[PDB]
Amino acid sequence: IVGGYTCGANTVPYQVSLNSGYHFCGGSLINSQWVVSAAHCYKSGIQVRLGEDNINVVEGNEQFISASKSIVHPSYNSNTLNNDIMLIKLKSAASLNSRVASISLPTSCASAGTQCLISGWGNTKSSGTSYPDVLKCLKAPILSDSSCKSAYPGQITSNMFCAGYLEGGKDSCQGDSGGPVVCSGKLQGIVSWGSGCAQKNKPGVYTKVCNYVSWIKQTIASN
Ligand SMILES: [Ca+2]
Numbered sequence: 001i002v003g004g005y006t007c008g009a010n011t012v013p014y015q016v017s018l019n020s021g022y023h024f025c026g027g028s029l030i031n032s033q034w035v036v037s038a039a040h041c042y043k044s045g046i047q048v049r050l051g052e053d054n055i056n057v058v059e060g061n062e063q064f065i066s067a068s069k070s071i072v073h074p075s076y077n078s079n080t081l082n083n084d085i086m087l088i089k090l091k092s093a094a095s096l097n098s099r100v101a102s103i104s105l106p107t108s109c110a111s112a113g114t115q116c117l118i119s120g121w122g123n124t125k126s127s128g129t130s131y132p133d134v135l136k137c138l139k140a141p142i143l144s145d146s147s148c149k150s151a152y153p154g155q156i157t158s159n160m161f162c163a164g165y166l167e168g169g170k171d172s173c174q175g176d177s178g179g180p181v182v183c184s185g186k187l188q189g190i191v192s193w194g195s196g197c198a199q200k201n202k203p204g205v206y207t208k209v210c211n212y213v214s215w216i217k218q219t220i221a222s223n
């Protein structure tokens with residue numbers, strides 16, 4: 001997150017870190033045994049880390065649970081990042097309390113103007129590299145489809161939306177990928193892509209989760 005703030009320990013209780021020896025992507029806990037992330041975060045050997053604040057220090061609220069199965073969206077295209085979503089099942093159910101909690105799936109899509117909370121352990125600099133140890137947060141609005149398409153001609157599909165600030169300075173970034181965009185208490189987006197980070201007229205591009213609720217539900221029901 002560039003131009004955000006320190007969230008506060010365990011204030012984003014559905015935020016997970018995906019670890020393969022090191023943090024490499026975010027995710028969102030959507031029930032005791034399943035995480036939603038970005039398909040471009042796919043790899044084998046994932047451990048899901050819940051209850052994290054400082055990802056480099058054991059602080060006492062962590063749960064570390066191996067993935068038993070990963071499911072990349074059937075129509076994921078890695079060249080265009082269309083359908084940039086994947087589900088991860090935990091080998092065991094997480095214990096849910098105030099500091100580790102699921103986030104509700106949307107029943108309807110969000111619209112431009114709605115403010116949302118974006119969170120992660122990604123890069124904090126736009127022209128530089130600094131990775132935080134504690135979870136960072138950014139409040140940002142959803143942008144219009146037309147401004148989104150204007151920023152990124154020929155690249156925005158119906159499974160993507162833009163959020164952030166066209167003036168630059170505030171954005172998600174590398175290492176935030178896969179993590180949440182929560183608006184009015186619903187998971188509306190997944191950190192997916194962007195040209196650099198926090199660049200003028202290059203807002204963040206997010207997977208449009210409301211389009212995938214049917215797929216998420218049926219996948220969970222059968223796996
Ligand atoms: Ca920790």
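Numbering of the sequence shown is given in the entry's author numbering, commencing with residue 1 and proceeding in unit increments. Ideal Cβ positions, reconstructed from N, Cα and C, are used throughout, including at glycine.
Check whether residue i and residue j have beta carbons under 9 angstroms apart
| i | j | result |
| --- | --- | --- |
| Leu50 | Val12 | no |
| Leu90 | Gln33 | yes |
| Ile142 | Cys173 | no |
| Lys186 | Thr107 | yes |
| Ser17 | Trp121 | yes |
| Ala9 | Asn82 | no |
Cβ-heavy atom distance, residue i to ligand 1, below 8 angstroms
| i | result |
| --- | --- |
| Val57 | yes |
| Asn54 | yes |
| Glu62 | yes |
Euclidean distance between Cα positions of residue i and residue j
| i | j | result |
| --- | --- | --- |
| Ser75 | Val213 | 15 angstroms |
| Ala39 | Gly179 | 11 angstroms |
| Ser184 | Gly204 | 19 angstroms |
| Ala67 | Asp145 | 35 angstroms |
| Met160 | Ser98 | 31 angstroms |
| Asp84 | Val182 | 17 angstroms |
| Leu29 | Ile220 | 13 angstroms |
| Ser130 | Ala94 | 31 angstroms |
| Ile46 | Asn19 | 6 angstroms |
| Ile156 | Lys202 | 12 angstroms |
| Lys125 | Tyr165 | 16 angstroms |
| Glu167 | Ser147 | 12 angstroms |
Assumed close pair residue i, residue j - CB separation to whole angstroms, cut-off 8 angstroms
| i | j | result |
| --- | --- | --- |
| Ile65 | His23 | At roughly 15 angstroms, the Cβ-Cβ gap does not stay under 8 angstroms, so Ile65 and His23 are not in contact. |
| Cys7 | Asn123 | Actually they are not in contact, since the Cβ atoms of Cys7 and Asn123 sit about 16 angstroms apart, beyond 8 angstroms. |
Could you tell me which whole beta strand (DSSP E) segments of length 3 or greater appear in the region 132-165? 136-141, 160-163
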